[PDB]
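Trainee: Sequence below, structure please.
(2 chains)
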Protein chains: 2
Amino acid sequence: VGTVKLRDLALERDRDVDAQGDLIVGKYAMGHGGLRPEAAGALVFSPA
Amino acid sequence: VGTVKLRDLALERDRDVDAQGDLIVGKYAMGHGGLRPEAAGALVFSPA
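Mentor: Numbers count the residues shown, from 1 in each chain, chains lettered A, B, ... in the order given. The coordinates are given below.
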């Protein structure tokens, strides 16, 4: 399994005057996938 | 009678960029009530 990164975590603050409030936000961007099917497995329960 | 203040009068300004203007605001917070019933009265009219 592999991962590709474009951006990292960040925080930001802002103020609103039409509603008398405050704001906080965080964000990033990533992607995931699988590479080799011959290096994986699982253990399960037998059918009832 | 009495009065209780939590915040006092204040003013504030802002800038709007999507309508090309400015804003001005004023605000406060208060509450009112009565304390002593032995120092009050009223004058009225006779019925009918």
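Trainee: from what I can see residue A:9 touches residue A:26, true?
Mentor: Yes: taking contacts as C-beta atoms under 8 Å, residue A:9 lies within contact range of residue A:26: 6.2 Å. Where you see a C-beta, it was placed from the backbone N, CA and C, and this is true even at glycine.
Trainee: For residue A:35, grab the count of nearby residues.
Mentor: 7 (other C-beta atoms under 10 Å in any protein chain shown).
Trainee: partners of the nearest residue to it once chain neighbours are set aside in the sheet?
Mentor: Sequence neighbours aside, residue A:2 is the residue nearest to residue A:35 in space, at 5.5 Å (criterion: C-beta to C-beta, 6 or more residues apart in numbering or on different chains). For residue A:2, the beta-bridge partners are residue A:33 (DSSP bridges).
Trainee: how much space is there between residue A:2 and residue A:8?
Mentor: 18 Å (C-beta to C-beta, to the nearest Å).
Trainee: what's near enough to touch the residue most central in space within chain A?
Mentor: Closest to where the C-alpha atoms of chain A average out (C-alpha atoms, centre = their mean) is residue A:30, at 6.6 Å. By C-beta atoms under 8 Å, 6 or more residues apart in numbering or on different chains, residue A:30 lies in contact with A:3, A:4, A:5, A:6.
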